[PDB]
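Student: Mind looking over this structure? Questions follow.
Coordinate-derived values only; no laboratory data. All Cβ positions, even for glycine, are placed from backbone atoms using ideal geometry, and neighbour counts span all protein chains on display.
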Amino acid sequence: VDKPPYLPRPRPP
Amino acid sequence: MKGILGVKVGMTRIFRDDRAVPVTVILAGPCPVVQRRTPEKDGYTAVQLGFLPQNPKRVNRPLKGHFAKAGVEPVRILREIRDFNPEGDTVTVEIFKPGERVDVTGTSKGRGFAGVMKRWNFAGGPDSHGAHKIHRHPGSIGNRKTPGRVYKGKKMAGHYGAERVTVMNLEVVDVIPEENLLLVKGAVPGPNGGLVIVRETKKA
Amino acid sequence: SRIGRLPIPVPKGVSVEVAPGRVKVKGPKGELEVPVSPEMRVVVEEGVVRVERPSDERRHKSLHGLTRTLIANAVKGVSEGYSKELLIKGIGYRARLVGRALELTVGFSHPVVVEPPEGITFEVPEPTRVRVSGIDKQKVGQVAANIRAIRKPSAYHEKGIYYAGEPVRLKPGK
Amino acid sequence: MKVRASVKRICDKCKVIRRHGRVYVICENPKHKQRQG
Amino acid sequence: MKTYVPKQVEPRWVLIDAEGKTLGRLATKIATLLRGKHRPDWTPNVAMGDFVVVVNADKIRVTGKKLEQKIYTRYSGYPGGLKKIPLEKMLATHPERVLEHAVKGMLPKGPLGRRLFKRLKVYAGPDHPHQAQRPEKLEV
RNA sequence: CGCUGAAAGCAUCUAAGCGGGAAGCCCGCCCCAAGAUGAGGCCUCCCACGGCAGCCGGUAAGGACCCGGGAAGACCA
RNA sequence: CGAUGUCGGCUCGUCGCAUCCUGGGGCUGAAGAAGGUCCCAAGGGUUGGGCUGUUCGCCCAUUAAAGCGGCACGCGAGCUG
RNA sequence: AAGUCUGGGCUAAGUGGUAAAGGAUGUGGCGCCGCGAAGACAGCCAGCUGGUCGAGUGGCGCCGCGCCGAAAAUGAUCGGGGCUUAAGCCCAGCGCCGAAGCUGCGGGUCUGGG
Ligand SMILES: [Mg+2]
Ligand SMILES: [Mg+2]
Ligand SMILES: [Mg+2]
Ligand SMILES: [Mg+2]
Ligand SMILES: [Mg+2]
Ligand SMILES: [Mg+2]
Ligand SMILES: [Mg+2]
Ligand SMILES: [Mg+2]
Ligand SMILES: [Mg+2]
Ligand SMILES: [Mg+2]
Ligand SMILES: [Mg+2]
Ligand SMILES: [Mg+2]
Ligand SMILES: [Mg+2]
Ligand SMILES: [Mg+2]
Ligand SMILES: [Mg+2]
Ligand SMILES: [Mg+2]
Ligand SMILES: [Mg+2]
Ligand SMILES: [Mg+2]
Ligand SMILES: [Mg+2]
Ligand SMILES: [Mg+2]
Ligand SMILES: [Mg+2]
Ligand SMILES: [Mg+2]
Ligand SMILES: [Mg+2]
Ligand SMILES: [Mg+2]
Ligand SMILES: [Mg+2]
Ligand SMILES: [Mg+2]
Ligand SMILES: [Mg+2]
Ligand SMILES: [Mg+2]
Ligand SMILES: [Mg+2]
Ligand SMILES: [Mg+2]
Ligand SMILES: [Mg+2]
Ligand SMILES: [Mg+2]
Ligand SMILES: [Mg+2]
Ligand SMILES: [Mg+2]
Ligand SMILES: [Mg+2]
Ligand SMILES: [Mg+2]
Ligand SMILES: [Mg+2]
Ligand SMILES: [Mg+2]
Ligand SMILES: [Mg+2]
Ligand SMILES: [Mg+2]
Ligand SMILES: [Mg+2]
Ligand SMILES: [Mg+2]
Ligand SMILES: [Mg+2]
Ligand SMILES: [Mg+2]
Ligand SMILES: [Mg+2]
Ligand SMILES: [Mg+2]
Ligand SMILES: [Mg+2]
Ligand SMILES: [Mg+2]
Ligand SMILES: [Mg+2]
Ligand SMILES: [Mg+2]
Ligand SMILES: [Mg+2]
Ligand SMILES: [Mg+2]
Ligand SMILES: [Mg+2]
Ligand SMILES: [Mg+2]
Ligand SMILES: [Mg+2]
Ligand SMILES: [Mg+2]
Ligand SMILES: [Mg+2]
Ligand SMILES: [Mg+2]
Ligand SMILES: [Mg+2]
Ligand SMILES: [Mg+2]
Ligand SMILES: [Mg+2]
Ligand SMILES: [Mg+2]
Ligand SMILES: [Mg+2]
Ligand SMILES: [Mg+2]
Ligand SMILES: [Mg+2]
Ligand SMILES: [Mg+2]
Ligand SMILES: [Mg+2]
Ligand SMILES: [Mg+2]
Ligand SMILES: [Mg+2]
Ligand SMILES: [Mg+2]
Ligand SMILES: [Mg+2]
Ligand SMILES: [Mg+2]
Ligand SMILES: [Mg+2]
Ligand SMILES: [Mg+2]
Ligand SMILES: [Mg+2]
Ligand SMILES: [Mg+2]
Ligand SMILES: [Mg+2]
Ligand SMILES: [Mg+2]
Ligand SMILES: [Mg+2]
Ligand SMILES: [Mg+2]
Ligand SMILES: [Mg+2]
Ligand SMILES: [Mg+2]
Ligand SMILES: [Mg+2]
Ligand SMILES: [Mg+2]
Ligand SMILES: [Mg+2]
Ligand SMILES: [Mg+2]
Ligand SMILES: [Mg+2]
Ligand SMILES: [Mg+2]
Ligand SMILES: [Mg+2]
Ligand SMILES: [Mg+2]
Ligand SMILES: [Mg+2]
Ligand SMILES: [Mg+2]
Ligand SMILES: [Mg+2]
Ligand SMILES: [Mg+2]
Ligand SMILES: [Mg+2]
Ligand SMILES: [Mg+2]
Ligand SMILES: [Mg+2]
Ligand SMILES: [Mg+2]
Ligand SMILES: [Mg+2]
Ligand SMILES: [Mg+2]
Ligand SMILES: [Mg+2]
Ligand SMILES: [Mg+2]
Ligand SMILES: [Mg+2]
Ligand SMILES: [Mg+2]
Ligand SMILES: [Mg+2]
Ligand SMILES: [Mg+2]
Ligand SMILES: [Mg+2]
Ligand SMILES: [Mg+2]
Ligand SMILES: [Mg+2]
Ligand SMILES: [Mg+2]
Ligand SMILES: [Mg+2]
Ligand SMILES: [Mg+2]
Ligand SMILES: [Mg+2]
Ligand SMILES: [Mg+2]
Ligand SMILES: [Mg+2]
Ligand SMILES: [Mg+2]
Ligand SMILES: [Mg+2]
Ligand SMILES: [Mg+2]
Ligand SMILES: [Mg+2]
Ligand SMILES: [Mg+2]
Ligand SMILES: [Mg+2]
Ligand SMILES: [Zn+2]
């Protein structure tokens, strides 16, 4: 259930 | 089946056997029959009742014709009772004796555009702990790509009240025929001054 | 090894009329119609009724035996008439008659009152025997079962509503 | 009632009957009553 | 020479007793009548078929166990809104719907096909209200 | 779970037929609803206009506009 | 891969039925009461707390019961983080 | 679009129109023994024999087609309607429909021969 994220959680430009 | 038209007048409690009993007071009589619906002519059975006297200065000609064929003074409200056919030319509160149970129909108070909390008793959002401008919002409204849509009948904000409501099986606490008054135990839909219908109950 | 082709003795003096898909049986105790397959042929002989089939395939064979017994049962019904007897076993348990009606006092908090349908007659000799009597055999059989259902035979005690001649097979208590 | 894919005769008094499209096995011994399913 | 196309003609009214007929087999013919494919000057893009009046629709007959097993269906748009109604019950409550649905399912889809279905007049009971147009009895 | 009952002289709730049997199913209760274009029904009102299934024009019964408001309401209604 | 935002919670449901409860059954090594076991049934219901980010799990106090799953491990252009 | 075509047969589950071990007096067709007008199986009256009944009966196997076994998540459905001596399945036919394939007619271009 606690799988690893695949996207980095968004930084601002 | 039997019924009457009426106006909601207001609420009180009276005393009966060392008990306080909440009542709504209803002015029901007198309602003249202005038309009878017959199975040969209409295909069902009913009685058209008139209620509250009207200034003939405000009644147009097609309406005037209808009343005259019944030989009835111009009235403000017309409404039918289904499967009820009184022997007389006039229906009064006396069709109800105290102890009888009745069904009352009125027009609920109108809340206009109602939020999802007031309307559907949603829990809304948290008020602290990070809640972001969603304190009275409804949350999710669906799934994802399956079904990729929102159900018909999804409870959502929108108008609320000002709609037909019937509350059932109310005790008739007293009736004061000399004032065309009915005393019903408990609450009745709508505002004071509101038009209401009083029918013999359908519960057993 | 056959039933349909076995002829049907007809007592004096019951009449058996024949129609497409039905035979009417009148007698000293009433009338009864018997629905019959139009494929089957009923035959009015002297002092006798016979049923004939039109082939020896499975469905016709099945109807044949049934049709003969159906009419045979009708014949006996209007002459001798039918009955079934119920025994009542159990200490508090008794039955009585209230008009045409049958009243079972059989262990509930209340008594149960059974109404006899058309063509059925109730009887109470002892307070523990009940005779269901009528000219319709399936009807007598039914109503009887109905009565018995009110308080079926216990599994542990010789107690309840019993068919006449039904055995009292019980199980032990711990 | 036992409900199985294998309904068999259990004793010499069992009887494979078929009613309403279903194979039952009825018998004098209540334990032996079976429906196929 | 170009293919003959018909100018509008007076459409024929027709009457059919459905008593004891086999639901689907009667339907087939009703559809054909509606499409006018029995007419030598048949044209696929106009209504030139007949008007079909049917009586005794309650007395339509059907084979097998379909009285109990055939299921008519209605989705309402709402969750759990699939209603199922068996043949038996439909006949007891809206018997003309039985034939109507059958014929409807066998007409083309689209604006013309819907117009054709409108020229079907089905009634339970032996009588119909269209004596005025004096429909011609058909044996099918 | 039965009644009656053959095929299969017995038996069998079934193959003809008939009963009993769920908070479940259909109806019943409350609400919406004829755009139900399959556009339903009943009561009442107006009426046969002037000019060359159309058109322009003044009207009838009635409607709207405007206004005082409203436990109706975002505007609209 | 010129982006299909990823656990848990909150909110809002909806569906399945291999049914936790309530309803109807058959068998019981079913005396009664209470259970067991299978069958029918998805209408409704299915609590509040302690611990941990937890889902899960243990635990406290209750309950008719404290069901299991699907919906992008339902739901971040709804919130949290 | 063209057969509610013709002839023989099976299936009663809507099987056809989603699956296995395995289970079954489902139905039809073959075969094999056993018992029996010296009276058999069933029913009923005694002790595997006996008595009245008067015909068949009882088991084994092969083949066709069906039955159960068969629970999953938005609304169902064989594509749909609808189909039961068929509008299903097996065997045998005759006829039609059907493509930008083939033919008829006209044309273009290239290549080869006149
Ligand atoms: Mg971003
Ligand atoms: Mg009426
Ligand atoms: Mg009526
Ligand atoms: Mg009445
Ligand atoms: Mg009103
Ligand atoms: Mg607010
Ligand atoms: Mg509020
Ligand atoms: Mg509210
Ligand atoms: Mg809250
Ligand atoms: Mg709050
Ligand atoms: Mg909360
Ligand atoms: Mg909270
Ligand atoms: Mg923030
Ligand atoms: Mg912020
Ligand atoms: Mg805030
Ligand atoms: Mg939200
Ligand atoms: Mg998402
Ligand atoms: Mg979708
Ligand atoms: Mg409103
Ligand atoms: Mg009402
Ligand atoms: Mg009460
Ligand atoms: Mg009360
Ligand atoms: Mg014989
Ligand atoms: Mg014979
Ligand atoms: Mg019995
Ligand atoms: Mg086994
Ligand atoms: Mg054995
Ligand atoms: Mg059944
Ligand atoms: Mg037995
Ligand atoms: Mg047919
Ligand atoms: Mg036909
Ligand atoms: Mg034709
Ligand atoms: Mg037929
Ligand atoms: Mg049928
Ligand atoms: Mg939905
Ligand atoms: Mg629903
Ligand atoms: Mg479902
Ligand atoms: Mg629905
Ligand atoms: Mg198309
Ligand atoms: Mg029995
Ligand atoms: Mg019997
Ligand atoms: Mg018998
Ligand atoms: Mg017998
Ligand atoms: Mg049957
Ligand atoms: Mg059958
Ligand atoms: Mg029944
Ligand atoms: Mg019973
Ligand atoms: Mg309840
Ligand atoms: Mg209304
Ligand atoms: Mg309308
Ligand atoms: Mg309306
Ligand atoms: Mg119209
Ligand atoms: Mg429509
Ligand atoms: Mg109208
Ligand atoms: Mg009407
Ligand atoms: Mg005029
Ligand atoms: Mg003119
Ligand atoms: Mg004008
Ligand atoms: Mg205003
Ligand atoms: Mg308001
Ligand atoms: Mg205003
Ligand atoms: Mg305005
Ligand atoms: Mg990628
Ligand atoms: Mg892109
Ligand atoms: Mg992008
Ligand atoms: Mg994107
Ligand atoms: Mg939490
Ligand atoms: Mg749920
Ligand atoms: Mg289940
Ligand atoms: Mg299971
Ligand atoms: Mg229970
Ligand atoms: Mg339960
Ligand atoms: Mg139980
Ligand atoms: Mg017990
Ligand atoms: Mg015990
Ligand atoms: Mg015990
Ligand atoms: Mg137990
Ligand atoms: Mg088990
Ligand atoms: Mg149990
Ligand atoms: Mg449920
Ligand atoms: Mg559901
Ligand atoms: Mg659920
Ligand atoms: Mg909690
Ligand atoms: Mg703490
Ligand atoms: Mg916690
Ligand atoms: Mg936890
Ligand atoms: Mg776990
Ligand atoms: Mg853990
Ligand atoms: Mg631990
Ligand atoms: Mg309990
Ligand atoms: Mg808990
Ligand atoms: Mg658990
Ligand atoms: Mg769950
Ligand atoms: Mg869920
Ligand atoms: Mg997953
Ligand atoms: Mg999931
Ligand atoms: Mg989850
Ligand atoms: Mg998720
Ligand atoms: Mg979950
Ligand atoms: Mg989202
Ligand atoms: Mg977010
Ligand atoms: Mg999240
Ligand atoms: Mg999105
Ligand atoms: Mg043919
Ligand atoms: Mg089946
Ligand atoms: Mg199918
Ligand atoms: Mg299937
Ligand atoms: Mg197999
Ligand atoms: Mg076989
Ligand atoms: Mg065989
Ligand atoms: Mg013998
Ligand atoms: Mg099946
Ligand atoms: Mg399922
Ligand atoms: Mg199921
Ligand atoms: Mg799914
Ligand atoms: Mg096709
Ligand atoms: Mg053939
Ligand atoms: Mg070519
Ligand atoms: Mg050429
Ligand atoms: Mg070339
Ligand atoms: Mg050359
Ligand atoms: Zn056994």
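Student: Restricting attention to region C:29-106, which GluC sites (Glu not before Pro) occupy a DSSP loop and are surrounded by at most 10 other Cβ atoms within 10 Å?
Tutor: Here the GluC sites (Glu not before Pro) that fit, given the DSSP loop and packing criteria, are C:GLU46, C:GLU57.
Student: A further question follows. About the Cα centre of the protein assembly as shown, how large is the charge dipole given +1 on each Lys and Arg Cβ and -1 on each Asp and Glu Cβ? Please answer in debye to the nearest 20.
Tutor: My answer is approximately 3680 debye.
Student: To the nearest whole percent, what portion of all C-alpha pairs in region B:15-162 is separated by more than 29 angstrom?
Tutor: 52 percent
Student: A further question follows. With +1 on each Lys and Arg Cβ and -1 on each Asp and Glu Cβ, and nothing else charged, work out how big the dipole of chain B is about its Cα centre, in Debye to the nearest 20.
Tutor: 1580 debye
Student: Now for a separate question. Cα axis of helix C:137-149 to longest principal axis of chain C: angle in degrees, 0 to 90, nearest 10?
Tutor: 20 degrees
Student: When only Cα pairs under 8 Å and 6 or more residues apart are kept, what is the percent relative contact order across region B:84-204? Spell out each step's value before the answer.
Tutor: On the way: 205 pairs, mean separation 51.4, N = 121.
Here the relative contact order equals 42 percent.
Student: Which of the listed residues, B:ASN121, B:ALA157, B:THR146, is farthest toward the dipole's positive end in region B:101-204, when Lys, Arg count +1 and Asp, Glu count -1 at the beta-carbon?
Tutor: B:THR146
Student: I would also like to ask the following. Is there a quick way to get the dipole size of region B:108-149? I mean about its Cα centre, with the Cβ of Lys and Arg at +1 and of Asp and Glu at -1; what is the value in debye to the nearest 20? Numbers along the way, then the final one.
Tutor: On the way: 9 positive and 1 negative charges, 49 e Å.
In debye, rounded to 20, region B:108-149 gives about 240.
Student: Checking the a/c ratio against 1.5 first, then a/b against b/c, what shape does the Cα gyration tensor give for region C:112-174?
Tutor: prolate
Student: May I pose another question? If the cut-off is a Cα-Cα distance under 19 Å, which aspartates and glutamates reach C:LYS24, setting aside same-chain residues fewer than 8 apart in sequence?
Tutor: Straight-line reach from C:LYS24, under 19 Å: C:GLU33, C:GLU39, C:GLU45, C:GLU46, C:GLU52, C:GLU80, C:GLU118, C:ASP136.
Student: Right, here's the next one. Compute the relative contact order of region B:83-145 as a whole-number percentage, counting only Cα pairs closer than 8 Å that sit 6 or more residues apart in sequence.
Tutor: 21 percent
Student: Please enumerate, by chain and number, the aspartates and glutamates with C-alpha under 16 Å from the C-alpha of B:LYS2, excluding those fewer than 8 residues away in the same chain.
Tutor: Filter leaves B:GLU80, B:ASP83, B:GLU87, B:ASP89, B:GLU94, B:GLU100, B:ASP103, B:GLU171, B:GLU200.
Student: Can you sort E:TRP13, E:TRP42 by how many other beta carbons sit within 10 Å, fewest first?
Tutor: Placing the least packed residue first, the sequence is E:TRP42, E:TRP13.
Student: Taking only DSSP H segments of four or more residues, each worth -39500 (n - 2.57), what value at 222 nm results for chain C once the sum is divided by all its residues, to the nearest 500 deg cm²/dmol? Intermediate values should be presented prior to the final figure.
Tutor: Details: 2 runs with 35 residues, N = 174.
Helix contribution divided over all residues of chain C: -7000 deg cm²/dmol.
Student: Another question, then. For a quick check: sort B:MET168, E:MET106, E:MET1 by the number of other beta carbons within 10 angstrom, fewest at the front.
Tutor: Fewest-to-most ranking of B:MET168, E:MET106, E:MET1: E:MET1, B:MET168, E:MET106.
Student: Which pairs, out of B:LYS152/E:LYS104; B:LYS64/B:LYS202; B:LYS118/B:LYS202, put more than 32 Å between their alpha-carbon atoms?
Tutor: The pairs that break the limit, which is 32 Å between Cα atoms, are B:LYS64/B:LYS202.
Student: Over all Cα pairs of region E:1-119, how is the pair count split among 10 Å bins, expressed in % and running from 0 up to the last occupied bin?
Tutor: For region E:1-119, the binned pair fractions read 12, 37, 29, 15, 5, 1 percent.
Student: Can you tell me which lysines have their Cα less than 28 Å from the Cα of C:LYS29? Leave out same-chain residues fewer than eight positions away.
Tutor: Within reach: C:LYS12, C:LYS76, C:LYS84, C:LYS137, C:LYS139.
Student: Which value, in nm² and rounded to one decimal, describes the direction-averaged projected area of the C-alpha convex hull of the protein assembly as shown?
Tutor: Mean projected area for the protein assembly as shown: 58.6 nm², to one decimal.
Student: Separate question: Take every Cα-Cα distance within chain C, group them into 5 Å bins from 0 onward, and report for each bin the whole-number percent of pairs it holds.
Tutor: 1, 8, 15, 15, 13, 11, 10, 10, 8, 5, 2, 1, 0
Student: What is the order of C:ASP136, E:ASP127, fewest Cβ neighbours within 10 Å to most?
Tutor: On the way: C:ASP136 21, E:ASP127 10.
By the 10 Å Cβ count, ascending, the order reads E:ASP127, C:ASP136.
Student: Turning to a different aspect of this structure: What percent do you get for the relative contact order of chain B when only Cα pairs under 8 Å and 6+ apart count?
Tutor: Over chain B, the number comes to 31 percent.
Student: Taking a ≥ b ≥ c as the square roots of the Cα gyration tensor eigenvalues, with a/c under 1.5 meaning rounded and otherwise prolate when a/b beats b/c, else oblate, which class fits region B:32-103?
Tutor: oblate
Student: Just going by the charge dipole of the protein assembly as shown, with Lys and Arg at +1 and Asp and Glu at -1 on Cβ, which of C:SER154, B:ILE26, D:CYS14 is farthest out on the positive end?
Tutor: My answer, from the dipole projection, is D:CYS14.
Student: Any of E:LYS2/E:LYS109; E:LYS7/E:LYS109; B:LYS8/B:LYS185; E:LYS89/E:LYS118 with alpha carbons more than 20 Å apart? Name them for me.
Tutor: Flagged as over cut-off: E:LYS2/E:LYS109; E:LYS7/E:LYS109; E:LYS89/E:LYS118.
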